[PDB]
Amino acid sequence: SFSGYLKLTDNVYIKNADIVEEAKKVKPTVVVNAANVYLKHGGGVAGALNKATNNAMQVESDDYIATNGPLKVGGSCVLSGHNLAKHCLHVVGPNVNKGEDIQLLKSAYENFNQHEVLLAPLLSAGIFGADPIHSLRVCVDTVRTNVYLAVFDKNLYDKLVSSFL
């Protein structure tokens, strides 16, 4: 199971960890990917998860997009977790750097409620440009299922825990 997570609320847990390494160790039922609408897994969590799958995630994703078209900002799709998890829940948080509406972050986190337990990153954080403190607050106020948050950056992890209300 998940180990070394700090409990923030009844259902939200957090750890300073690389989500790729966490996924390979735990092999969760669901790993969340910080996806974009095109499922183009170039950088950040998406690039890292995809690289760990030897690009199998990107090949599967391109077939999904060819069939279904792009996701909506705030939306998600369930695909294979490959060698990382049973499933990957690709969730599109708003990219503040691309001028996307930050109010869609709550809609993005609502996707997590369809799964009893998830290994996840903070949506819209990192290269998506939103304030990770705000993302954690939206997470705890939106997600009701059990979410294990992996925060790659040690200094950000310390700031998130120490500033948590």
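Residues numbered from 1 in each chain as written, not as in the entry; some residues may be left out. Heavy atoms only, no water.

Peer 1: Tell me about the packing of helix α1 (residues 19–26) against helix α2 (residues 44–52), and name the residues and values.
Peer 2: For any two helices packed against each other, the geometry comes down to the angle between their axes and how far apart the axes lie. As a packed pair, α1 and α2 sit with axes 9 Å apart at the nearest point and diverge in direction by 40°. One element, α1, and the other, α2, form an angle in the oblique class. The chirality of how α1 crosses α2 is right-handed. Side by side, α1 and α2 meet where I19, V20 and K24 of the first sit next to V45, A48, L49 and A52 of the second. For the contact of α1 with α2, the per-class residue count stands at six nonpolar, no polar and one charged. (Axes fitted to C-alpha atoms, helices over the stretch in contact; angles between N-to-C directions. Helix = DSSP H or I, 4+ residues; strand = E, 2+ residues; numbered from the N terminus. Parallel < 35°, antiparallel > 145°, perpendicular 65-115°, else oblique. Left-handed = near helix turned anticlockwise from the far one by under 90°. Contact = heavy atoms within 4.5 Å. Nonpolar A, V, L, I, M, F, W, Y, C, P; charged D, E, K, R; others polar.)

Peer 1: For the nonpolar core, give the residues involved together with the corresponding values.
Peer 2: Ranked by internal contacts, the top residues of the largest apolar core, which has 26 residues, are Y109, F112 and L149. Every element with two or more residues in this core is listed here: β2 (12–16), β3 (30–34), β5 (87–91), α4 (104–110), β6 (117–120), α5 (132–142), β7 (146–151) and α6 (154–163). Beyond its immediate stretch of four places on either side in the chain, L149 contacts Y5, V12, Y13, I14, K15, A120, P121, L122, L136 and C139. Counting 16 residues, the second largest nonpolar core, distinct from the first, contains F2, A23, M57 and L119. (Core = buried A, V, L, I, M, F, W, Y, C linked by side-chain atoms within 4.5 Å. Buried < 20%, exposed > 50% of the residue type's maximum accessible area, 1.4 Å probe, protein only.)

Peer 1: Pulling in residues and values, what's your account of the packing of aromatic side chains?
Peer 2: In the structure shown here, the tally under the stated rule is five aromatic pairs. Ring plane angle 90° and centroid distance 5.5 Å describe the contact between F2 and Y5, whose orientation is recorded as edge-to-face. Taken as a pair, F2 and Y5 share a single burial class, namely buried. A connected cluster of aromatic rings, assembled from ring pairs, spans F2, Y5, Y13 and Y148. (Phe/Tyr/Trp six-rings, centres within 6.5 Å; stacked < 30°, edge-to-face > 60°.)

Peer 1: Lay out the packing of α5 against α6 in plain terms, naming residues and giving numbers.
Peer 2: Packing of α5 against α6 leaves a shortest axis separation of 10 Å and a crossing angle of 55°. Considering their axes alone, α5 and α6 lie oblique with respect to each other. α5 and α6 meet at a crossing whose hand is right-handed. Contact residues: α5 offers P132, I133 and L136, while α6 offers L156, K159, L160 and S163. Here the residues of the contact of α5 with α6 sort into five nonpolar, one polar and one charged.

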